[PDB]
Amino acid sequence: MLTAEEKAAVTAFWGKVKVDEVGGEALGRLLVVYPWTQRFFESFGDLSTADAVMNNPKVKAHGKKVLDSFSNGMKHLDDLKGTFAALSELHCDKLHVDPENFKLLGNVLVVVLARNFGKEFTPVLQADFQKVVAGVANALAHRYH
């Protein structure tokens, strides 16, 4: 995947990322922006609106879990296939999430970092990040391909 040069940049910037906040924001944007994803999150309660979604405690809670698994993915960045094999089994085999949605999340994730970091998250630095989020998406979709 990344070279050494890129793999370092990605690890330094990621160090600066506030996991509580960013995970919840990304999950919630996903529910808000691609509304059908909400159907996987009915149990989650009121997801009627943006305000509802963003302020749902379970959403906020779930976002964390997600970013946490990402942060771990960022530690096993050369074996994402391995790092995510369980999660691939769950999302794919149990939940029945279509893998096109995994791209959507990784993409949403990218917009969130850029919101929170502005000029700090540079064209150069985002490019490297898109390769990560695609790997994790590919890794997650492993039980299909």
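One-based numbering along the sequence shown.
Enquirer: Using the B-factors recorded in the PDB entry, average over the C-alpha atoms of 34-42 and of 85-93, then report which stretch comes out higher.
Expert: The entry gives the higher C-alpha B-factor average to 85-93.
Enquirer: Quick one: say whether 106-114 or 43-51 has the higher mean Cα B-factor in the deposited entry.
Expert: The stretch with the larger mean CA B-factor is 43-51.
Enquirer: If I read the C-alpha B-factors straight from the PDB entry, which of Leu67, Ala61, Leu27, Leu80 is highest?
Expert: That would be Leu80, according to the entry.
Enquirer: Place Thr11 in the lowest, middle or highest third of its chain's C-alpha B-factors, as listed in the PDB entry.
Expert: Answer is highest: the recorded C-alpha B-factor places it there.
Enquirer: Relative to the other modelled residues of the same chain, rank the CA B-factor of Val124 and answer lowest, middle or highest third.
Expert: Its C-alpha B-factor belongs to the middle third of this chain's values.
Enquirer: Sorting the chain's CA B-factors, does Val17 end up in the lowest, middle or highest third?
Expert: It belongs to the highest third of the chain when residues are ordered by C-alpha B-factor.
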